[PDB]
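Student: need the 3D shape of this:
(one chain, ligands or ions: 4)
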Amino acid sequence: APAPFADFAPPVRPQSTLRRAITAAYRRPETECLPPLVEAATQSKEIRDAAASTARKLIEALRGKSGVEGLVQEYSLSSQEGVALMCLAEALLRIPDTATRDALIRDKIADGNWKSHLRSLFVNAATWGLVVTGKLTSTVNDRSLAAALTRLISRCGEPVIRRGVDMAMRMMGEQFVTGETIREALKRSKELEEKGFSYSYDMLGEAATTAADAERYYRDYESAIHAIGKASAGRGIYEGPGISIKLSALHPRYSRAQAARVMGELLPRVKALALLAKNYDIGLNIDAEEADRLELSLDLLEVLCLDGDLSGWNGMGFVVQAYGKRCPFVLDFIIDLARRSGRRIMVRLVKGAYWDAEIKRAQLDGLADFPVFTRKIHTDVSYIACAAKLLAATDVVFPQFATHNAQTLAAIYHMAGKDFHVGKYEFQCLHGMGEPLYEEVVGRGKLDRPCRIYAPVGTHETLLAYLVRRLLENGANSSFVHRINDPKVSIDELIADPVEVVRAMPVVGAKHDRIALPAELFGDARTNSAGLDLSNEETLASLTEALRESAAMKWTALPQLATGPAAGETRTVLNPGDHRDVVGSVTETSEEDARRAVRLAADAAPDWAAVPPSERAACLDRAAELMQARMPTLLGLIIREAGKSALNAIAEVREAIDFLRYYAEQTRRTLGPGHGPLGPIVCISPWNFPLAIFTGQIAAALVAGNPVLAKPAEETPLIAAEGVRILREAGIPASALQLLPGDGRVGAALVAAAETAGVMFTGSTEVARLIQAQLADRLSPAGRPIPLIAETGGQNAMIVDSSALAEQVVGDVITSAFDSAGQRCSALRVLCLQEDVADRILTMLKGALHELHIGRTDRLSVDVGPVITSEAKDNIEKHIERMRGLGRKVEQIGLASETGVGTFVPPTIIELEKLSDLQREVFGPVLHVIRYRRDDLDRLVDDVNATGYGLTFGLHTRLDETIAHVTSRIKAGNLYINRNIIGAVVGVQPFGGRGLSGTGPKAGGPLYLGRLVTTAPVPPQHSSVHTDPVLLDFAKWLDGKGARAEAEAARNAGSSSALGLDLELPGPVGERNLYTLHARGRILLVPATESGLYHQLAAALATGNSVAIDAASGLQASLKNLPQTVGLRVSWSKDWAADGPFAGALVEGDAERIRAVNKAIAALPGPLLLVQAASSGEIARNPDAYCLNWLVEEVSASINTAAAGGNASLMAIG
Ligand SMILES: Cc1cc2nc3c(=O)[nH]c(=O)nc-3n(C[C@H](O)[C@H](O)[C@H](O)COP(=O)(O)OP(=O)(O)OC[C@H]3O[C@@H](n4cnc5c(N)ncnc54)[C@H](O)[C@@H]3O)c2cc1C
Ligand SMILES: NC(=O)c1ccc[n+]([C@@H]2O[C@H](COP(=O)([O-])OP(=O)(O)OC[C@H]3O[C@@H](n4cnc5c(N)ncnc54)[C@H](O)[C@@H]3O)[C@@H](O)[C@H]2O)c1
Ligand SMILES: O=C(O)[C@H]1C[C@@H](O)CN1
Ligand SMILES: [Mg+2]
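Tutor: Numbering: from 1, shown residues only. Ligands and ions are numbered 1, 2, ... in the order given. See below for the structure:
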């Protein structure tokens, strides 16, 4: 039995002094990075003047000497017409045969309806939009483009189509790439090679998703090396052409977490390509990618440079990104490696291509700082400083200065001084972008310095995939290429010396004012939880020791009553991934002590209620500090007790921290003397978020002033006991927070206890129904239903159309379906693929499936851990075998023998014929796939809704029409656009569904605390200026009937309603997080009096709902001659169970009438109903007898606005 965490994340090799200096700089504060860079980049006044003159000369030549602009001019096109035309030209070029395409244009496209003859034409419109307008729009307004394309064709006809086709053909065949194939690219390189340029070919592969894709990219590189080396014909690595590769193209799991696979499987592939480059004597450059791959790539560079089979060849090259804080230390390492190995490493210095993605990632992960600079001028200074370091080592490395910035170029040109020979260093530029600058540089008549052209090679599909990222390299507001084209930017501004400008700033190296550090994402409201960087070797080494120590601890969970720990039946808690690994011991609670705990809570309630809200909130904030400090140890417990991976355990502790701080802030914003607590609240939680959901429910109840009985899932008591220990250390009194470990019998005893004043339940819908049933014939001392929050299961779907990028879809599907072994309530259960792309995406998905590592989760390399119990495993496997027995296609990963010691289910894909093939939530790593025809999209949304669930939902599309359609018709609480559907963030995606998935209000949202007091406060930002028009029609009807007091109450409800609230919540860049209040649906009304019915109807209509009124009320004559608009929303119901499902209920009557109705309502099939009751007298006395908070439904929508390949908002941030 392997020791826990003994092999958690050992590095590839012991970290040298040079390597550790790199790691130390990873997230170094920006003010600490700049001063040494300023010092290193400093040049003499003589040089700075000479560089400025050269820079001015180059820029004057650039401005002294486009196709799309001339096309827009000739045909008077609007921007949308220009984009639509380029999309049409792109589509026409998918027709391979020239005569056939020309015939379609002449006889069909020009004459009118282009729709019939021509997957949306506008799939790549965000890319063409950048081309036409210079502005990035993340999604495509396909109805605007369709309108513009019809308009331009009907106005201008075949000539404009011809011009569009020929322009797109030139751009996609000769500008965005040097050629479609390596042979074509080589043929076109002769012209500039004769003038003194060289080439490095970029085959455009990246981000392999499957073994087959990595193999395809490998064979493309290998074939390109042969063609380039044949053409080099002995010219060598400096004069002759070379190749560039991306390591992410050569393995589907290129990551630090998979370091062993990288060294074992990716490294031999690079070596084979390098051996071929060596034989032809051409350059082979390793391109630089995301920041979390930098240090891992160094391990490959080290092995290759030390491998004697590659000796005698100096063509190995490596990119370093000057926007990165580690850049100078990476160069120190590379220069030393060059000295040790005797290989003259070709070092391409670039600024960096992934800036906006690095900002978003660091924010999402809650890390200490960014791994890149946040001011563009800082990158410029870094670049020049690293250039000085490189130019001092030309005996051992070959510097390659890749830049389009004439100021940067001139600074390095004069820095390098007067001595030059071919092979000392070179500049580089991008094909079809940098030639105007570099034709002022290459040649005996210019600056006589060589330039290597980075030459993309590929088909239209290949080049379009990540063209947005490449357009942003030189197209952002701060980009030199964009600025030199802006006539409002002077040459003096262009030649400004970044080194001196930074030096003279008040705070050298200050972070950009408009970019929040991850900890400050929420500003003054609350402090963001902090994560851990699992790509940082220092972090991995520190975490390894803390995790090991956590496994040595003797974790226990005891029934912690107000008077102290109680005796009970004790048993061990076993690691689900290996039952030989005992994690701790739990003493479980007798039914007698559970009842005793509620009585003690009831006796403790006044003392806890008297602690002022700000001080209760202070306890929560102290608890969050404690959990943040204890995160490494907490991770170890979650990993071993709950079978979670390290990344998921980090996210879980972060969620708990966020709950504590969010409910603390919401309390400080709202709670006052008039918001009295309910009393003892029973909090019952599931095993699958054994810290986060456990803590969230308890913290909310406590901060609202209620003593809590905490009943954690029987599977996961230890982390719950540790959460309670932390809350108590933070100042929560023992009488206010009691822990009752045990099974559902303990939960049921707590619910049934006489003094229970409210229940918070997260778990299965079936169990929630039993709790609902026990509460049905029960009332508070004030004669109202006992509040129940019941947040339950999902049958979560994702819809993917033919405009989505397969690689993005597959990554989001694999994560959403199989993260945590599918044991998230938010997990993806049903993937719906548009028929035309289904086979290609399915192939990729199955390939990605087999790249997952399943095993005990005390290893960083494990992607999917065990399921929680043997019972769960048997349940999940029974479902799989039933599907397999029905003839459905089933794909499964094979499991390692080591999994036999625990309870594992292999990630599984099941192909279904119809969504009805599924019955209930299958809580495991089981993805179901259905296909749909595009015209059936609306029916498909019906099918998703028809399950009765409504928790999470995902949509992958670039098309605004499809977004508007699908999001308006789906009925789910958490929507996700162009991203995964998991990991909802507290206060950013308030989490919770409708129907069979929840009663609400949402955990992590602003309505939550108001459910836990007897008089709900007004939440922050909670209002709407919109008035429901059916409510207004009803108020006029009431006035016409003479019911003046009820008409006024109706108008008051119309104003008080927050229906229509529509807010954007603060969160990370590159995402828009929206929170809206909608109608719940159809509310069951059970009135007793005429006035009661009118008040109930006003409340329901003001919140946008329809109603079913109990026909047994005998009040039909009270609603004669309703306006048609109101009548459309009103039905009368004799058999309530026939006329559902409902989304809530309003009841009027005395205590025993409420009890009888509540019992009948609980017996209705389907969703748990949030019921509100009032007496006739309370309706007369209290305008808020029925609280409008619970008659609206919260919807959270998270849209990935960077999905197109970049962040438009951050293009303005430099
Ligand atoms: C031949 C060649 C090879 C390349 N290889 C790679 C590669 O392997 N890996 C890679 O990542 N990219 C690569 N690039 C791209 C390069 O990193 C730059 O993104 C791009 O060329 C623009 O930089 P610049 O010096 O041309 O222009 P500039 O306009 O001077 O510089 C623009 C750059 O400034 C940086 N920047 C912009 N805003 C900010 C900000 N707010 N804070 C901090 N920095 C900011 C970004 O890096 C941006 O690209 C390559 C470029 C060329 C020409
Ligand atoms: N909507 C959400 O936010 C959300 C979040 C996480 C999990 N879930 C759901 O939770 C389920 C998985 O978690 P689980 O297996 O722990 O759920 P579960 O229903 O089996 O148990 C949840 C808790 O209820 C208790 N319980 C069982 N019977 C009870 C009874 N008769 N009376 C009172 N308490 C009783 C259990 O001991 C446990 O503490 C899934 O269906 C998942 O979708 C929902
Ligand atoms: O996994 C998720 O989406 C978040 C919300 C809740 O389910 C707990 N974790
Ligand atoms: Mg269960």
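Student: elements contacting the helix or strand harbouring residue 167?
Tutor: Following DSSP states H and E, one finds residue 167 within helix 158-170. For helix 158-170, the packing partners by 3 or more CB pairs under 8 Å, 6 or more residues apart in numbering; DSSP states H and E come out as helix 67-74, helix 79-92, helix 142-156. Heads up, the C-betas are built off the backbone N, CA and C, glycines and all.
Student: what's in contact with that helix?
Tutor: 67-68, 71, 74-75, 77, 85-86, 88-90, 92-93, 101, 105-106, 109-110, 152-153 (CB atoms under 8 Å, 6 or more residues apart in numbering).
Student: and what of stretch 89-106?
Tutor: 109, 117-118, 121, 124, 128, 158, 161-162, 164-165, 167-169, 172, 460, 464.
Student: buried ones among the residues you listed?
Tutor: 109, 118, 121, 124, 128, 161, 164-165, 167-168, 172, 460, 464 (16 or more other CB atoms under 10 Å).
Student: now, which of the residues you listed lie close to ligand 1?
Tutor: Among these, no residue sits close to ligand 1 (CB under 6 Å from any ligand atom).
Student: now the residues you listed in JSON lines, with distance to residue 146?
Tutor: Shown next, in JSON lines, are the buried ones among the contacts of stretch 89-106 (distance: CB to CB, whole Å):
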{"residue": "109", "distance to residue 146": "14"}
{"residue": "118", "distance to residue 146": "11"}
{"residue": "121", "distance to residue 146": "8"}
{"residue": "124", "distance to residue 146": "15"}
{"residue": "128", "distance to residue 146": "14"}
{"residue": "161", "distance to residue 146": "15"}
{"residue": "164", "distance to residue 146": "16"}
{"residue": "165", "distance to residue 146": "19"}
{"residue": "167", "distance to residue 146": "20"}
{"residue": "168", "distance to residue 146": "18"}
{"residue": "172", "distance to residue 146": "22"}
{"residue": "460", "distance to residue 146": "21"}
{"residue": "464", "distance to residue 146": "20"}
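Student: all strands for the stretch 801-950 of the chain, in order.
Tutor: Taking DSSP state E, counting those that start in this stretch, the strands of the stretch 801-950 of the chain run over residues 828-834, 889-892, 908-911, 926-932.
Student: return the distance of the last one from the chain's centre.
Tutor: Put simply, strand 926-932 sits 22 Å off its chain's centre (CA atoms, centre = their mean, to the nearest Å).
Student: mind listing the strands that strand pairs with, and their directions?
Tutor: Strand partners for strand 926-932, identified by DSSP bridges, are recorded as strand 828-834 (parallel), strand 908-911 (parallel).
Student: next one: phi and psi at the residue in the stretch 51-200 of the chain positioned nearest to ligand 3?
Tutor: Nearest residue of the stretch 51-200 of the chain to ligand 3: residue 138, at 23.0 Å (CB to the nearest ligand atom). Per-residue torsions, residue 138: phi -60, psi -40 (degrees, to the nearest 10).
Student: quick one: name the residues of this structure near ligand 1.
Tutor: Residues of the chain lying near ligand 1 (CB under 6 Å from any ligand atom): 287-288, 319, 321, 323, 348, 350-355, 372-376, 378-379, 402-405, 408, 428-430, 434, 454, 473-474, 478-480, 512, 1213-1214.
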